């Protein structure tokens, strides 16, 4: 019935915001606020807590951030239910976080009543998906072929398409075709978006 929450976000003004917005829900209890991964993981065993609410990227270098951070948490506190609350509009990175079996994603964009919804579905033992989230996942075997991986690696290294083409003794259109379809598979629409995925799981 009653609920124990830990909030982790590196923007203190946001942390304040989540605390104040969660303060409203009388079956929720804020039990720790944390600003880095390290303070978080150190105090995790100390608070019996049901729910962790985190952003992806934050400071904290021994335990990391993003996927890594969580994966560590699911591994070591499997009892603990994580909601990711992110600014991240990237379909692929969100998609990777959903392959982790977490209990929620909630974008920081247009989601005033989303969090309470996300948390309320956690009592029910159900998942919530913001309309905003599923919209972001509309683009989406999504696993990529060996050439596709190569072409992508080289690209994520700084190499240009025409340069990749020279290196692998293949046509520019071949390499572009390869990159382009990798991006299709990954549900990612532009180079900025691709590179950001490419450093998320890396």
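Numbering follows the first chain given and starts at 1.
According to the entry, the deposited sequence has no residues without coordinates between residue 156 and residue 157, so the chain runs continuously there. Two stretches are in play, 180-188 and 21-29, and the higher mean C-alpha B-factor belongs to 21-29.
Taking only CA atoms, the mean B-factor in the PDB entry is higher for 57-65 than for the other of 129-137 and 57-65. Remark: of 104, 78, 91, 116, 78 shows the highest value [criterion: C-alpha B-factor in the PDB entry]. Remark: residue 3 belongs to the highest third of its chain, ranked by C-alpha B-factor as recorded.
The deposited CA B-factor of residue 73 belongs to the middle third of values across its chain. In the PDB entry, residue 151 places in the middle third of its chain by CA B-factor. The deposited CA B-factor of residue 195 belongs to the lowest third of values across its chain. When the modelled residues of the chain are ordered by their C-alpha B factor, residue 51 lands in the lowest third.
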